[PDB]
Every structure is written in C-alpha cells, then in structure tokens.
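Okay, structure first, notes after.
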Amino acid sequence: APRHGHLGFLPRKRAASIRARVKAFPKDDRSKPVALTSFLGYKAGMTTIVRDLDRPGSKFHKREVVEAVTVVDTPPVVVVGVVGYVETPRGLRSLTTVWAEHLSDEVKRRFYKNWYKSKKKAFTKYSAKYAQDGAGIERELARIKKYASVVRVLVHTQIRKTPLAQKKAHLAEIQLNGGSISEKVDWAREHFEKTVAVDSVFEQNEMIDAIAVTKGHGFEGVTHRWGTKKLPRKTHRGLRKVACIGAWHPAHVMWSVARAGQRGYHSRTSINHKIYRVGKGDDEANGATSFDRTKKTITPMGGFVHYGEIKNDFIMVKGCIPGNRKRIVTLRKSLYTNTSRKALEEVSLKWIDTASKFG
Amino acid sequence: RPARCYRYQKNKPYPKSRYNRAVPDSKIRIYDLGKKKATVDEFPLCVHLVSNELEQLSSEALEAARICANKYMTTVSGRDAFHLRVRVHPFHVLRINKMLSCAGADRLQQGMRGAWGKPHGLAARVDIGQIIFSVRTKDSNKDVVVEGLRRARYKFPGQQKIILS
Amino acid sequence: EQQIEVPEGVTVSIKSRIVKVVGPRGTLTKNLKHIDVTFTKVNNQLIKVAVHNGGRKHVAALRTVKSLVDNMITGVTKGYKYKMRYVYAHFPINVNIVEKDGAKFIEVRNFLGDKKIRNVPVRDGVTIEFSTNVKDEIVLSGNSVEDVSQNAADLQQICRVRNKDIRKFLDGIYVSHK
Amino acid sequence: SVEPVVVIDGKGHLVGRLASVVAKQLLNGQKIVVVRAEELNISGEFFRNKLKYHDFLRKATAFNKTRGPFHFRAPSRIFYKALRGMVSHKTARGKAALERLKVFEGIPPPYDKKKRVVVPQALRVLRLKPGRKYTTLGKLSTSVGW
Amino acid sequence: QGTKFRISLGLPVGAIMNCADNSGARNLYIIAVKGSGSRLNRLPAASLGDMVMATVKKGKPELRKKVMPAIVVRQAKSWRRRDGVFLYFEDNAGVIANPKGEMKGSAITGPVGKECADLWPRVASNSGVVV
RNA sequence: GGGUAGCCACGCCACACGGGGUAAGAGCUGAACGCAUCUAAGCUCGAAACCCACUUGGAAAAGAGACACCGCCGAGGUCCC
RNA sequence: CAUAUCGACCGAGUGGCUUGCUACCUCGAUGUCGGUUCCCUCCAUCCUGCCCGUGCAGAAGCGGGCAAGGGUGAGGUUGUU
RNA sequence: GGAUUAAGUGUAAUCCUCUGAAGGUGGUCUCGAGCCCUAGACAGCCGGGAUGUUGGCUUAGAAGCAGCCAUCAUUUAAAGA
C-alpha cells in the first residue's frame, strides 16, 4: 500500500508496568555471569559531544560531533537475591531464592516494612524470614538431579541522589549468563552479598540495547497513531477518519488497520546503542581542573530539563533514543543482535556541550 | 477473424445466389494446380488431405492454406510434376450480426425477426473424413508434397491427417 | 538378488544399514536405506542383498545400491582421483589449496585476472594435490567417490561464468581426466 | 502422561492410512497416540507437497489474518490435523475421541516400548520399484520452521 | 560520499530559494530532489548536500522557465557537526549545476558549507568563501 | 516588536552483515544405453525472493508456563494523602 | 541463416481489468460521473537480486528464466476518466 | 485377478456450474510398425576417414559437398572424381 504504521509491536495496548522487562537476554560464552546482564538508571536530558572519530577504515580520524546524548544517571544498583528456576514441561517457574541481609534503607516501599499483619493488598518482597542455605542447597540439589534454568537476580536501583526520586525502587530481575552453570551459579552468590555499578558489565564503545516505555499521550486518532492520511476536505473539519475498516462477512474488523487507541506508552527496545562514555561525578582529571569539588562532567548549567544536575555515576548513550524519556527508567542490556564490531574502552570525548537548556 | 462463430454448422442451407447478393468474392486462387491436362493420376506416391473434423472452412481459411501449400510445392521446379487438386468450394454463405433480427448469439440480432446477418464471407464445409485437397506425383523427394500440407494443415480449424499414400 | 563378493584386501562389516568399506585407503560409509530393502548384509563373504519387492521402483534401487558399493570397493583400495589442468587467456590463474573449502581458502584468484578470489568447497575426505610446475595440473583424490567427485567439479564449475559466453573466454579448470 | 491404549508407531508409514485407522478406533473408544510423527510418510513429492501443505513457501502459514484458517507447522499437528479430518470433530463423539488421541513428536518413540504397526501401512521403501521419492514428516515441517 | 554531517531537510518541493549564482538565475523553485522516496503526506524534502531538480522562477535571461539541476549550498534549518554543534546560516541556498556537477555560472554569491565541498568539488572551488 | 519552557520539522540521531536452503542458471560424480550425459539415486554452487539473524507484541498457548524469595494472621494489595 | 530478434495464416487455451449479452436480479428506491482519503489483492515483473541467449569485444543494449522482499513521485490546460 | 499412470494427472455422469484448443519426462508397464543380425549385427561397440587431382567448366572463390559436364585411371585389404 504501503500499510500505514507497522505491525510488530502489538497489539498496542498501554504498557503494563512502567519498567521494561526484557524478553530476551544475550546468550553467552566466556562469561561471568553478570547477573545484571542488564543494569540501568534513568534519563536526564542531553546535549551533544565532540568525539574523535574511532577506528574506521575511513579518513575521518578527527573531531566530529555526535549527539553525545541523553546522559542517564546510573548507578550503583544492588542485586539482592539470585533466583533459581527449574523444570518444565510448562515453562520456567521460580525455585527458591537466596537472600541478603543488607536491605538498602529505603527498600521498604515496594518491598520490606510491609505491615506484619496481612493486608488486603498483596505484600511485596520483604523478608526477615531467612534461610541463606537451604536455598543454596535446594538449588544445588536441583541441579544435579533435576534441572535448573538460567538464573537471574532481583536488582533494585537506588535513588541515592537523583532529582525527585524516593526510597521506592522499581527493579526487575536480570539474568546472569556465565559458563556452564554451576560455575556461574557460584558467581551469582558472590555478587549477592555485595553491590555493583555500571563499571562491571559495561564498557565504553560497547553496544547495548536499550529498553523503556515511550512517553506519550493517551488515545488519539488515526493520523498520529500509525500515520494515516487526513482529509479530504468534507469531513476535513472533523477528525481524520480512515475509510471504513474492512467490509464483508465479518461485521467487525480485526483489521490490523488504523484504529484509534492509546498511544504514547510503550515498551520497546532499541538495538545497538553505542555507549560512548562511562562516567562519574567525582572529580578526576589527568591534569589540573577546576577545584572546590566541582561537579559531574556532563550536566548543563541551568540544570537539565525539569530534573537537573548530575553529580554522580553517568552513562552517555549516543544518538539518544532513549526509548522513553525524562526521569523514567531505562534498562541496559548487552547488544544481542550486534552489527559493527566494538570500539574502545573509551572514546576521546574532546568536548562536551554544557549550556542551559534554554537559550 | 477470428473464425469462431463461423465454422460450426448450426445452420442449414444456402448458398442461393437468387436469394443472396453482395457476396464477397473468394480470395481462393484457382482450384487446379500443377500441370493440369495430363492425367497426373498415373503416379507413384499418393495422397493426403483428410479433414478429420466437422466443418466450414472459410475462403480465408482456404486460400492461404492451399497456395501456401503450393508455394512449398514450387520446390518441384515450377512446372514440373504433380497436379494439385482442391476439392470443395466455398459455396455456403454466412451472415453476421446486423442488429435487426433477433437477439443474443449471431444469426440473431436485435428485435425479433429482421436483419438476418448481412453477407460477409463464404466457407465450404466438410465431414469427418473427406479429402480437402489432394494429388501427387512420383516420389519426387522423400515427399515434398507431404511436407506440403504440413503447412497446409495448421491453417484450418480442423486437425487434418496427412494420410499415407 | 545380486551378489557381489569383493575384494580381499578390503573388509566390509555393515550393521543396521550404515554400511562401510575398509582399506587400505580410508573407509567410506553410506546409509543405503530405502524402502523395504535388506540394506545388504555381509554374508561371511561379500555383501549383496535383495528384499522381496516388486518391479521397477525397488528395482530402481538395489541396482543403484550395487553401484554405490563396487565404488566403495574401489575407493578403499586404489582410491579415486580426478585430474585436470587449469589454463586460459592472459595471466595465469592462481590455484592453491589452503585447509578447508571456506572463503579465501579453496583456490582460484585472478580468474581472468579479476580481483577477489572465488572458491569453495572441499569435500569431507578429499585431497587436493597441486601443479607439477607453476600451475598446470590438479589432482583430486579421496576414498569416497561422491565427495571426490564434486570436489573436482565444483572446482571446474567454480570457473563457469554466466556472462559473456563460453567461447570468448575459456578460462577455468576442467577435469578432463576421469 | 496420556494413558496409552494402543500406541502406534508411525515411521515409514503412510499417514492417512494410519490416521484413517486411529480415527476409527479412536471413535470406538480407544485412547491412543501415534509416535514418530516426525518420520511418517506420504507419497508423491518434493513439490506439490511443499506447497499445498504448510511450508513458509507453501504459504499455508502466513496465509491470512483475521479470517484464518491456520494450518499446522509441526509434524505433530500436521498429521493431527489429518486425524481431525476423518472425524466429526465438531461435536459429539467427534470431539471426544479426538481429544482422546495424541500424536507425539519423536525420534524413536518417547515412550518405553515399541508401538505396533497397523494393517499394512508400511513404506516398503527398499528397491522401490513401486516406490518413488516420498518424504515427509519432519522434513516438510523442517523447511517450515518448527 | 558521506556528508559526514547530519542534515535536517529545510526545504521541500515548491519551495522558493535563491540561486547563489548561475547565469540569469534568480530564485529557482524546487521540484523533486534526486532519487528520493515518498510516504503518505510525503512532502518530498531536500537539504544541503542533496542534488535537486529545479525551475527558475525569477530570472531575466530566458533562463526563467525551466529545467535544471542545482545543489543546495546553504540552508536555514540546523545541521550537525563533527566538532561542535552546528549552524544554519544565511538564507537557504542553491547553485545550478550541470550533469557533470560543475556550476553553470562563474561566480557564486554567498558562502558555502564545508561538507558540500566534499560531495561536489568545483562547486566548492568557485566558493568565494567556505564555512 | 521580542520571546522562556513545552510541543514540534524545515532541525538532529539510529535503521547490516552474515549464515542456511532454493529458483533460473553454472557445474561435479554418474548410470539406464560399456561411449556420451548437470539427473534418473548422489553432490558443489547459485537471486533484492525463502528461512534465520534483528525490532515489536506475546501466560487465555485449556499441555492456561518457569524461577527465586516472602507469606497463610498476616506477605502483599485497594482506598487515602 | 524460421527460431539473436521480428513473426502472418490457421489451430488450442487461460483470465474476468474493457465492452456486449442475459433481459435473469432490484422499480413499497442496492444514492451518479470524476476526484479524494484509507486498506487488501492480481501479473502476466517496470526497477532492484540471481541467471540463460545474443545478430554477446568492451560500454550500452535487445530477448528470455527464477523471483512479489522493497520500490515505482511533482506540476500546466480540461469536471473530466 | 490383471494392466496402465508419476502428473496429486485423477478421486468432476449431466451443467451458466465439471474448461481446456490448434510445457516437459531413457520413471515404469503394455501394444504395434520398419529396418538390421551367427555370411556376427548395436556398443552394436572400438579405431581409421590413399595417388593423378584443387577432375573439366563456371565463379571473386567453387579444392568430394552453390551450379553444369564427366565420373575415368592408379595403388589397393579397402577407399565415391
């Protein structure tokens, strides 16, 4: 036709959860695992960067601007609880957990510190009931004899310091892909009691998919849903209405064709985001730089967007999608598809643009 | 063209010159070929041209399919051998839709009764096994004349059998 | 049905329709399963077998089987090699074999004298010998004739080009020898 | 698992000839499964078998949208479907003995014990003078994604 | 080849821009630009770097009337960079060119972009000023 | 007359390859038919097309799934602000 | 030099886009032409991929095969198609 | 009981309705016709394809092989102007 819009994401509902849930995980060999194959914090707006060109066959091996783009604030994040899954037929099902007696002092909301008495609302993950071993044993025994499935960890990003966030942490399980299994099972156990950061699984130059719900409005008409033609002038005054949808035996149309509905919202990954930078907020410089405890490298003066200043661990993900927006939560990944080869541990990052957003 | 509602007999008589005028002249050159006069009949090698069908080839059908035939009979040095015979003539006249007689298919027009089709062409008809047009001479070659009629057939609505001498 | 007995010097020993061959040259196996057929068994001599069957259908088979064997016999003792020359118009061709069929492995370079090398594949157990001189002969050999066959071939064909016309250019390598 | 009554092999075996039996027997009451769907063969082939079947070239799948119907892709479904034909699946003892039959994917049968052949519905693929290329099962459903 | 510089398309078809000299040029108006695609509510597009087909609206000589082509030298719409962030600057722009790609007018009024030179030299050449 | 934020495009960023199987075709080994033969069994290659790869949706897939942890007198959840 | 290519006569078909026929359907009424917008499809393929032939040196073509993944517009006169 | 078919031909009495007229197959079975064979065929298969002389004429050429005339002789195991 071509058909307007594209089937793919479907149906195109709203999005359950405003947290992305990656459908697939990288498959790996020569791996730890990460546990946090995916690890993420979320968006502040972004400027642009001047970057040295990397290593192309091409002549350009000099300064060039790329949208140093949407710097997202991450991390650190903690994985409390590696969860086993074991046995089919049916599908994956949880086994038993692990634990952690660290309990970030804010993980009450959406977690612990639930009323002891049962509440009509279901209780979230809270635990004082502990059996570190037993869980370990259960998993090990259901390893040799039965099975196990890929193991993952709970994770929860803390809002140690982000503009307008709270003890609430909305985290979801990220899988660990190590070697055999039992080797990896050990790995997720070590990185259990303990905490992590981006500088773990990550690397500048390395490509990662990014996922998050798009920001967007509620139901709208056909035109700015999948694009549809407006007009012609008659019912021009009225809202854009597509020609009748399907006509024949079924009275109703399944259609797959232009219908009003929710838009905005989403849940979609992007593929092969390069991660030009890794970063921080603490001052570190090859040579003398500003002093008096300056701030993060890339946050615009005037703050950025509604939620300003960054002063801690960052990530720059060029050509910002980001697959969502301002102060939401993207999830990082590893680049499952991959195309071009990885670049380097770092990029030159000759200049970063810092300017008030307005102006 | 094409000849469709032309050569299937679903009608009955006439030709009748009394009745009809304005008949188109045939475009079928003489039905006497090769050296006539002398009895070609004394010959080795024989005949062909069997229809193997029903009927009504038009003069348009026979006249370029027959001299087409003769043309590759020329191989036997112009005037030297065989006589060609054609059998049946294109008597039979056909009429075509002149909107006045009846309705629907041809030989029917508009209204009821009225214009029979106006004269346009004539075609001879033939039976299941008749000899469309024959004659031969001694085995000049393998059978150039047999080659003739290969071409001769292939412009007849019917499937003609070569038929051996 | 038929019976083939041979040879001494080469063993047999097939089980569950796998079949085999022996040596001294390396052995080849071939499934040889199709339709109710015996899938010939060694009968304390040589293998040859028939299944009660009908006419043509099985018959096309258990004929073919006969030919697969008896060319497994000669592919085990005194192997099979195909041999033939490379050569054409100006500038020679570079044929050389590096391990494996893989791209930028199996030979050929300047076909006419083009850039980019084009060649694959090699069969499972075939050996690619090389030219006596700079380049003017190839020997392809191996126990199975069914790998050695389309190795030398699929090396001739890897010269074939559908473009101008074969007439004008006559590059390529052909295995004239059988 | 499902309780077998008479499990039936289906290796070199014409599919309909088998499922034209167990879908008779099924009707009478009998419970059970054919295994080795996967190697179960129908004759005539490598063309108007790939097509008018379920390949992604057959276009059986990917045929339509909100109207259907859809066919099957796995060797199980592919000749499960055959079983529904030859059964009044819609209602009564139809979808009854229907449900009470399963086809299993399998290499040698997944259940311990070899199951019986049927009244001669056998390939007899050996020196096939009568035989010709007939290959189906998994292969059809392999060209098509599993 | 590669512009190496991102460009947003400032002007669509039917747009009127200024020739930065041809002979008797004036203000050409845009007609489809090079091989380009379309979509519903396509609005063809054009931008610095993309060869365009055009007609001469203003003129003087009997250049006016039409046929073309010309390449858009400058545009008012942003750009991109390699270093900094970039500009849009002047008014839009365009110079007629031959199928060779050479200018069909000796002098080019106005400046020209750097990575327009890369795409077509000779155009950048008789620049007068770059950047 | 000027114009912040936001929303926008005329602005900016990102959108492969490769692998597997084929068609037409190019070939190999090879009989029927001692030879010849790209085909009959077998095989090497070979299309923007097919499958995969990649993006999106997707436990209501009735075989209605898996895992870890918390919990059954209180885990969690709804209301509330 | 039939068959690179063009290809009559005659013969056999396929499609259901044009036109005609049916006067078979509707006159207690199936809203016109053209346009527009929005979806799907057909081949019998215009481009792109892979191929064969050539009256194929090359370049540019011409003709044919597989193939429907993607692509295949903007204006001036005219209500016009 | 017997035979044919490899195209899913077909599994379609009749017909608006079931098309198909004047693409291919050394897959296999059955039937017929011509010629050649134990004075040894095909392969039938394998190998070879004499001197005057390019016969005379004609022709731009015409050398066994456009055409006309002639069709001898030699050396032979044999070999036509």
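Residue numbering restarts at 1 for every chain of the structure tokens, chains are lettered A, B, ... in their displayed order, and ligands are numbered from 1 as they appear.
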TODO: Can you pull out every residue within 12 Å of residue B:6, counting only C-alpha atoms (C1' of nucleotides), but drop anything in the same chain fewer than 6 positions away, and send it as a ChimeraX atom specification?
DONE: /B:55-61,92-97,105-107,117,120-125,157
Would you write out those residues with N, CA, C and O atoms, as a compact mmCIF listing (two decimals), in the first residue's frame?
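Result file part14.txt:
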```txt
# COMPACT_ATOMS: atom_id res chain seq x y z
N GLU B 55 -16.86 -28.96 -39.72
CA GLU B 55 -16.78 -28.23 -40.94
C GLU B 55 -16.50 -26.77 -40.92
O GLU B 55 -15.96 -26.16 -40.00
N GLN B 56 -16.91 -26.24 -42.10
CA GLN B 56 -16.98 -24.95 -42.70
C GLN B 56 -15.74 -24.12 -42.80
O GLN B 56 -15.72 -23.02 -42.27
N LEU B 57 -14.68 -24.54 -43.51
CA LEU B 57 -13.59 -23.61 -43.60
C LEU B 57 -13.96 -22.50 -44.54
O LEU B 57 -14.55 -22.73 -45.59
N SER B 58 -13.58 -21.25 -44.17
CA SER B 58 -13.86 -20.08 -44.95
C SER B 58 -12.84 -19.99 -46.04
O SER B 58 -11.82 -20.68 -46.01
N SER B 59 -13.11 -19.13 -47.04
CA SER B 59 -12.21 -18.93 -48.14
C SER B 59 -10.98 -18.30 -47.57
O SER B 59 -9.91 -18.38 -48.16
N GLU B 60 -11.13 -17.62 -46.42
CA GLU B 60 -9.99 -17.02 -45.79
C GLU B 60 -9.11 -18.12 -45.29
O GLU B 60 -7.91 -17.94 -45.08
N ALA B 61 -9.73 -19.26 -44.93
CA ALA B 61 -9.08 -20.46 -44.49
C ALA B 61 -8.45 -21.19 -45.60
O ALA B 61 -7.40 -21.79 -45.39
N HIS B 92 -21.69 -21.74 -49.78
CA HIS B 92 -22.11 -21.66 -48.44
C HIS B 92 -21.90 -20.23 -48.25
O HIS B 92 -20.87 -19.74 -48.68
N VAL B 93 -22.87 -19.50 -47.66
CA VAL B 93 -22.66 -18.11 -47.45
C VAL B 93 -22.94 -17.94 -46.01
O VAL B 93 -23.70 -18.74 -45.47
N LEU B 94 -22.30 -16.97 -45.34
CA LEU B 94 -22.60 -16.77 -43.96
C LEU B 94 -23.03 -15.35 -43.77
O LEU B 94 -22.72 -14.49 -44.60
N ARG B 95 -23.78 -15.08 -42.69
CA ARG B 95 -24.26 -13.76 -42.43
C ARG B 95 -23.83 -13.45 -41.05
O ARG B 95 -23.61 -14.37 -40.27
N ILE B 96 -23.68 -12.15 -40.72
CA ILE B 96 -23.27 -11.85 -39.38
C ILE B 96 -24.09 -10.71 -38.86
O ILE B 96 -24.63 -9.91 -39.62
N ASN B 97 -24.14 -10.62 -37.52
CA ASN B 97 -24.94 -9.73 -36.74
C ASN B 97 -25.10 -8.39 -37.39
O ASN B 97 -24.16 -7.60 -37.49
N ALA B 105 -27.03 -14.53 -29.52
CA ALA B 105 -25.98 -15.02 -30.37
C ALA B 105 -26.23 -14.59 -31.78
O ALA B 105 -27.29 -14.07 -32.11
N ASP B 106 -25.21 -14.80 -32.64
CA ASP B 106 -25.28 -14.39 -34.01
C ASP B 106 -26.38 -15.17 -34.64
O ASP B 106 -26.92 -16.09 -34.05
N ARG B 107 -26.74 -14.75 -35.87
CA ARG B 107 -27.84 -15.24 -36.67
C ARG B 107 -29.09 -14.91 -35.92
O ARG B 107 -30.17 -15.41 -36.19
N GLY B 117 -28.10 -11.75 -40.59
CA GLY B 117 -26.82 -11.14 -40.68
C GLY B 117 -26.60 -10.76 -42.10
O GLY B 117 -27.12 -11.39 -43.02
N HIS B 120 -21.22 -11.69 -45.26
CA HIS B 120 -19.85 -11.37 -45.06
C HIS B 120 -19.09 -12.66 -45.12
O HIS B 120 -18.89 -13.31 -44.09
N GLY B 121 -18.65 -13.08 -46.32
CA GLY B 121 -17.82 -14.25 -46.42
C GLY B 121 -18.59 -15.48 -46.75
O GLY B 121 -19.81 -15.52 -46.61
N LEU B 122 -17.85 -16.52 -47.22
CA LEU B 122 -18.35 -17.82 -47.59
C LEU B 122 -17.34 -18.85 -47.14
O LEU B 122 -16.15 -18.56 -47.10
N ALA B 123 -17.80 -20.07 -46.77
CA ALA B 123 -16.89 -21.11 -46.40
C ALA B 123 -17.44 -22.43 -46.82
O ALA B 123 -18.64 -22.65 -46.69
N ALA B 124 -16.59 -23.35 -47.32
CA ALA B 124 -17.03 -24.68 -47.67
C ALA B 124 -17.06 -25.38 -46.36
O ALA B 124 -16.40 -24.91 -45.45
N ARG B 125 -17.82 -26.49 -46.22
CA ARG B 125 -17.88 -27.26 -45.02
C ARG B 125 -17.42 -28.60 -45.41
O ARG B 125 -17.36 -28.87 -46.60
N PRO B 157 -9.27 -24.93 -39.25
CA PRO B 157 -9.68 -25.11 -37.90
C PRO B 157 -9.56 -26.55 -37.51
O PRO B 157 -9.42 -26.84 -36.33
```
Task: Close residues, residue D:43 itself excluded, 9 Å, only C-alpha atoms (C1' of nucleotides), min 6 positions apart in chain, as a list in words - done: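 Close residues of residue D:43: residues 14, 49, 131, 132, 133, 134, 135 and 136 of chain D.
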Open item on the list: Please check the contacts: residues of chain D at most 9 Å away from chain A, using only C-alpha atoms, listed as a PyMOL selection string.
Closed with: chain D and resi 65-67
TODO: Show which residues sit within 8 Å of residue C:169, as a count of residues only. Count only C-alpha atoms (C1' of nucleotides), and ignore same-chain residues fewer than 3 positions away.
DONE: 5
Might you pull out every residue within 10 Å of residue A:33, with only C-alpha atoms (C1' of nucleotides) counted and same-chain residues fewer than 4 positions away left off, and present them as an mmCIF file with N, CA, C and O atoms, in the first residue's frame?
```cif
data_model
loop_
_atom_site.group_PDB
_atom_site.id
_atom_site.type_symbol
_atom_site.label_atom_id
_atom_site.label_comp_id
_atom_site.auth_asym_id
_atom_site.auth_seq_id
_atom_site.Cartn_x
_atom_site.Cartn_y
_atom_site.Cartn_z
ATOM 1 N N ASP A 28 25.539 -16.380 26.390
ATOM 2 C CA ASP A 28 26.938 -16.144 26.391
ATOM 3 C C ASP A 28 27.793 -17.296 26.684
ATOM 4 O O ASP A 28 27.363 -18.321 27.204
ATOM 5 N N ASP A 29 29.047 -17.105 26.251
ATOM 6 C CA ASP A 29 30.133 -17.978 26.498
ATOM 7 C C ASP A 29 31.191 -17.064 27.024
ATOM 8 O O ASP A 29 31.088 -15.852 26.829
ATOM 9 N N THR A 37 22.978 -8.632 33.677
ATOM 10 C CA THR A 37 23.327 -8.553 32.279
ATOM 11 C C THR A 37 22.792 -7.236 31.872
ATOM 12 O O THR A 37 23.358 -6.536 31.032
ATOM 13 N N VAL A 151 19.745 -18.526 35.758
ATOM 14 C CA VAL A 151 19.474 -17.849 36.987
ATOM 15 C C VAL A 151 19.677 -16.384 36.797
ATOM 16 O O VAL A 151 20.401 -15.964 35.898
ATOM 17 N N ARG A 152 18.958 -15.575 37.609
ATOM 18 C CA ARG A 152 18.983 -14.148 37.492
ATOM 19 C C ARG A 152 19.000 -13.574 38.856
ATOM 20 O O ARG A 152 19.024 -14.316 39.830
ATOM 21 N N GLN A 175 19.180 -11.467 34.284
ATOM 22 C CA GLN A 175 19.763 -12.777 34.202
ATOM 23 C C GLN A 175 21.242 -12.732 34.131
ATOM 24 O O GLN A 175 21.831 -11.764 33.662
ATOM 25 N N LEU A 176 21.876 -13.812 34.622
ATOM 26 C CA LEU A 176 23.296 -13.906 34.576
ATOM 27 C C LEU A 176 23.652 -15.012 33.631
ATOM 28 O O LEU A 176 23.123 -16.120 33.697
ATOM 29 N N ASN A 177 24.518 -14.699 32.651
ATOM 30 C CA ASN A 177 24.956 -15.708 31.741
ATOM 31 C C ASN A 177 26.422 -15.905 31.976
ATOM 32 O O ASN A 177 27.230 -15.027 31.684
ATOM 33 N N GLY A 178 26.789 -17.034 32.619
ATOM 34 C CA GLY A 178 28.164 -17.360 32.858
ATOM 35 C C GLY A 178 28.482 -18.455 31.888
ATOM 36 O O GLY A 178 27.939 -18.485 30.787
ATOM 37 N N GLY A 179 29.336 -19.405 32.304
ATOM 38 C CA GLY A 179 29.804 -20.506 31.522
ATOM 39 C C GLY A 179 28.834 -21.630 31.661
ATOM 40 O O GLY A 179 27.687 -21.497 31.237
ATOM 41 N N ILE A 181 27.163 -23.597 34.270
ATOM 42 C CA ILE A 181 26.013 -23.281 35.053
ATOM 43 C C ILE A 181 26.549 -23.075 36.417
ATOM 44 O O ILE A 181 26.630 -21.959 36.920
ATOM 45 N N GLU A 183 29.320 -23.053 37.469
ATOM 46 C CA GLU A 183 30.361 -22.099 37.709
ATOM 47 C C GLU A 183 29.726 -20.780 38.024
ATOM 48 O O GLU A 183 30.081 -20.103 38.987
ATOM 49 N N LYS A 184 28.733 -20.421 37.196
ATOM 50 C CA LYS A 184 28.018 -19.175 37.188
ATOM 51 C C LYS A 184 27.167 -19.064 38.399
ATOM 52 O O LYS A 184 27.009 -17.983 38.962
ATOM 53 N N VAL A 185 26.601 -20.198 38.837
ATOM 54 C CA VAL A 185 25.750 -20.169 39.976
ATOM 55 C C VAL A 185 26.585 -19.662 41.089
ATOM 56 O O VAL A 185 26.124 -18.912 41.943
ATOM 57 N N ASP A 186 27.857 -20.067 41.109
ATOM 58 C CA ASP A 186 28.716 -19.577 42.127
ATOM 59 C C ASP A 186 28.847 -18.108 41.950
ATOM 60 O O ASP A 186 28.802 -17.364 42.923
ATOM 61 N N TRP A 187 28.997 -17.642 40.701
ATOM 62 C CA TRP A 187 29.210 -16.239 40.521
ATOM 63 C C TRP A 187 28.025 -15.502 41.059
ATOM 64 O O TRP A 187 28.194 -14.541 41.809
ATOM 65 N N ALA A 188 26.791 -15.927 40.724
ATOM 66 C CA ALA A 188 25.696 -15.237 41.321
ATOM 67 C C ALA A 188 25.508 -15.877 42.644
ATOM 68 O O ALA A 188 24.843 -16.900 42.773
ATOM 69 N N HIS A 191 28.252 -12.206 43.921
ATOM 70 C CA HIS A 191 27.682 -10.906 43.683
ATOM 71 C C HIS A 191 26.276 -11.057 44.109
ATOM 72 O O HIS A 191 25.348 -11.135 43.303
ATOM 73 N N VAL A 201 29.465 -4.895 34.216
ATOM 74 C CA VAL A 201 29.150 -5.195 32.861
ATOM 75 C C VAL A 201 28.909 -3.896 32.168
ATOM 76 O O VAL A 201 27.974 -3.165 32.494
#
```
TODO: Could you give me, as a PyMOL selection string, the residues within 6 Å of residue G:10, counting only C-alpha atoms (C1' of nucleotides) and dropping anything in the same chain fewer than 4 positions from it?
DONE: chain B and resi 154-156
Task: Between atom CA of residue C:173 and atom CA of residue C:159 - distance in Å to one decimal - done: 6.7 Å
